Ligand SMILES: [Cl-]
Ligand SMILES: [Cl-]
Ligand SMILES: [Cl-]
Ligand SMILES: [Cl-]
Ligand SMILES: [Cl-]
Ligand SMILES: [Cl-]
Ligand SMILES: [Cl-]
Ligand SMILES: [Cl-]
Ligand SMILES: [Cl-]
Ligand SMILES: [Cl-]
Ligand SMILES: [Cl-]
Ligand SMILES: [Cl-]
Ligand SMILES: [Cl-]
Ligand SMILES: [Cl-]
Ligand SMILES: [Cl-]
Ligand SMILES: [Cl-]
Ligand SMILES: [Cl-]
Ligand SMILES: [Cl-]
Ligand SMILES: [Pt+2]
Ligand SMILES: [Pt+2]
Ligand SMILES: [Pt+2]
Ligand SMILES: [Pt+2]
Ligand SMILES: [Pt+2]
Ligand SMILES: [Pt+2]
Ligand SMILES: [Pt+2]
Ligand SMILES: [Pt+2]
Ligand SMILES: [Pt+2]
Ligand SMILES: [Pt+2]
Ligand SMILES: [Pt+2]
Ligand SMILES: [Pt+2]
């Protein structure tokens, strides 16, 4: 019996906890992506930095969700964190394709939560997502899309050259 | 067939990957501890801050291990991350007792790795642990021990008072 | 009969003198590598600078060893310095392959000295190597490994182009 | 039953307490050396300053040992402190010969402790000594050795002159 | 046969040497007090700092006495230094009671020396003590007395609470 | 078939390579001289510094020659570097006598090269030597000559005293 809880459904509380798991999973995926590009046999520093900064962003998104859970009077509940889908991530192109899949999944989870909030008439939740998540995700996905296009135009008949140049001149 | 790998046993490589899992688990434990103390029905800001800063320290220790793995030519391999042992953490005293158990476990894992390194005649590993881990862990455990003692002296016949004062005047 | 010498075996003293010869040889190798890339028919300024800075590093490592020999009460003994293995060093790729061979040899000599120190129960020697040599060598070898990978991806079907780009955009 | 103590043998604990006694004894010896050179019938200010600064260094080394004892969960135990070996210290040459004997004894006690730590598989102790003691002692003994040589070359047929000049121009 | 000695009795010379022993003993007592409060099972940082600063003050008082001995043409003679009276010092209250006993003993030794000086018609000694010791001791004893009173009022029915608060809010 | 080579004889090219060997040999000699004076049983810091700075100067002279070889379109060719003539260098006087012998040999090699250049009508070579070498060598030899004279006047009947004073007051 929380003294502050008001207009905060058990459905939203549960879905926030699920979303925290999804963001921490994504953080973990990006940690693995980063360290893969730091391997001496991969050695793409800008690519490593791109993903390591996304691991931090996703961690921060989970903590924002956790703060909000406590502000609303819900209870944070943590579950096991699955490991990333792959141990090795291929080329930069392969990695950026996996990243945009991942971000699309996070975006769909945000949209689903927003729809739940709207069904539960929880405007504080709706505002929260609008303020801190939805535009961030659109912006990120757009950038990834721009990167994919630049990566793909650089493949040509000289894929290693293009992978180097992209890392050097964009990342 | 790594071009840089030299004097780096498969045994140490594997044990480093295990240690990364242990540090990320500990980070996750401290994240849960922090947010528990941020609950409106717990509300010990200094206690929340103490554990949130340890979550960051343990994450950083895992990334240092991961960097080193790549510097040696080993391969980072990630596993599932188990959730923390508890969902609710009791009093500050309960929490600090759990934290010192946790740190003792990390310290024993560092000592075991050092012993493995010494058995494998891997001085770079031995130096690494000595430089970045072993004294940090001793220092931390000492502080926790000092906190435990101060917490316990404050219990008296007025436990809530003592929990407040400790948070206000030490943390 | 040295007035300061304490716990410093003749075996270690001799092996330090040998190691000085190995570091001065390596310095000399890197001097030759540098000037080869400064030839008007080779003309890779960044490659020349990379090796000239390693010649200085290896010289500095020999002087550190010499200082330490005197601090321990051993006697510096110098031998002839053999010339480098090659007069011309090929491509940047050829040169970086020779450099990583060279650094692996230095690293193995450091590890052998550390093992000797450990057998002689000479912790000051062990600490010395750990403090000033072993991590430096690991770091260097990792960088060389990262460079090799980038060089090799740039070969493609356009090797001169890739050699230029690597020099311009990495070195 | 110490709550923080981990991997810290009673043997090392005891030997640390012994070492504290040895460092405080050495501090006391250097206090006596300093004040002897401040006598109006001795009057070598630079010599007085040299030893008074060593008294402070040895005190500081004992306090570092004491801090470490508490960090490990051992118990500091103090014993009587014997007075210095002499009441009057002769010439600067006599004094510097006594000082290098003293420092050799401290160095041997550090090496013995390191060997004990290594036998007990206590890497934190080994690192501690390596980090704060062993190189300091080697450096100090080297300087003393350099001073002895300069003092001895100045004896000539004019010992008072040489004692003055050394104090004026080196110390 | 000292060339500078004038109006300086053998009685005062001897009593100064005794007083140096008493001040160094007191320094040693305060070193032990300090480190006892730094134990993880005691853990009163402000109490540790209070006594460690007194160890330094008493050392400084011994060196002032030693300087003065040489200025007068007496001869410093050092004796064994007994260990402190206790290995463990109880509560802050116990420790402060021991400290004020100790300071009363030093003060009585200063007063006895002053009386000796007055009997020997040694005004330089009398002035020395008046200038650097007697008011310092009165001031110190007063502070200790103020601390004792505050400590004792805090015992109440909640002694641990009071010991914490005193350390936090006074020391 | 060098695209830039113009008026640069094979005779001069070869003699430049020889001169590089002579300068690197001299650098090596001065490295040995320096470290000999850093021995705890020799211990003449100013003498050590004098020779260590000459080792650097001679290295720099070899690199200038190597740069020039490439600017002219010649090919640097390195040979084995013989060790210095002595392992121990005696007194400062002995060492300064060896140094001036060494510098006279370098100066004669510069003059011989200049004469070769003049015979080959190579004014760029002549200017190079005039600009960067010949006056430097004259200046150096003059200083050494001034030092020798001061050293020799200090021998007297008190050679150690004079060796100390020279190191302290000139070097
Ligand atoms: Cl609900
Ligand atoms: Cl951010
Ligand atoms: Cl999974
Ligand atoms: Cl293996
Ligand atoms: Cl940190
Ligand atoms: Cl679990
Ligand atoms: Cl030996
Ligand atoms: Cl450097
Ligand atoms: Cl050869
Ligand atoms: Cl034990
Ligand atoms: Cl210091
Ligand atoms: Cl005794
Ligand atoms: Cl008298
Ligand atoms: Cl003071
Ligand atoms: Cl006693
Ligand atoms: Cl020709
Ligand atoms: Cl120069
Ligand atoms: Cl030879
Ligand atoms: Pt960035
Ligand atoms: Pt907001
Ligand atoms: Pt903080
Ligand atoms: Pt390190
Ligand atoms: Pt540079
Ligand atoms: Pt060092
Ligand atoms: Pt000083
Ligand atoms: Pt340390
Ligand atoms: Pt203070
Ligand atoms: Pt005064
Ligand atoms: Pt200089
Ligand atoms: Pt020029």
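FYI, it's all coordinate maths here, none of it is from the lab. Every residue, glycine as well, gets a Cβ built from its backbone with ideal geometry; the counts of neighbours run over all protein chains shown.
In table form, for the structure just shown:
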read-out	value
Residue order, fewest to most surrounding Cβ atoms within 10 angstrom, among C:75, A:5	A:5, C:75
Within a Gaussian network of chain D (alpha carbon springs, distance under 10 Å), most fluctuating of D:149, D:29, D:92	D:149
Hull-based mean projected area of chain E, where the convex hull spans the alpha carbons, in square nanometres	10.3
Relative contact order of the stretch D:1-80, pairs being alpha-carbon contacts under 8 Å that are 6 or more residues apart, as %	43
Distance (nanometres) between label positions extended 7 Å along Cα→Cβ at residue E:49 and residue E:108	3.3
Within the stretch A:23-61: backbone nitrogen closer than 14 Å to the residue B:79 label point (7 Å, Cα to C-beta)	none
Calculated label separations, residue F:105, copies of the chain, 7 Å along the beta-carbon direction, nm	2.7, 5.0, 7.0, 7.3, 7.3
The stretch C:48-115 shape via C-alpha gyration tensor axes, a/c threshold 1.5	prolate
Spin-label model distance (nm) - residue F:56 vs residue E:7, 7 Å beyond Cα toward Cβ	5.9
0 to 90° range, to nearest 10: angle between helix C:10-37 axis and chain C longest Cα axis	20
Relative contact order (percent, whole number), chain E, Cα cutoff 8 Å, 6+ residue spacing	27
Inter-copy spacing of residue B:5 label points, which lie 7 Å from Cα along Cα→Cβ, given in nm from shortest upward	4.2, 4.2, 4.7, 5.2, 7.9
Centre separation in Å (Cα based) which lies between the stretch F:4-51 and the stretch D:14-34	48
Least to most buried among B:27, E:157 (fewest other Cβ within 10 Å first)	E:157, B:27
GNM flexibility winner over chain D from D:15, D:159, D:55 (Cα, springs under 10 Å)	D:159
Cα gyration tensor, the protein assembly as shown - rounded (a/c under 1.5), prolate or oblate	oblate
Cα-based helix-to-principal-axis angle, F:135-155 vs chain F, degrees rounded to 10	20
Isotropic mean projected area of the C-alpha convex hull, the stretch C:94-165 (nm²)	5.1
Shortest-first distances to equivalent copies, position residue F:86, nm, label 7 Å out along Cβ	3.5, 4.1, 6.8, 6.8, 7.6
Global form of the stretch B:31-81, assessed from the alpha-carbon gyration tensor, a/c cut-off 1.5	oblate
Cβ-Cβ FRET estimate between residue B:119 and residue A:64, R0 fixed at 45 Å, reported to 0.05	0.50
Per the axis that maps chain B onto chain C, nearest residue of B (Cβ criterion) and its distance in Å	B:130, 4
Principal-axis tilt of helix B:92-119 within chain B, Cα atoms, nearest 10 degrees	10
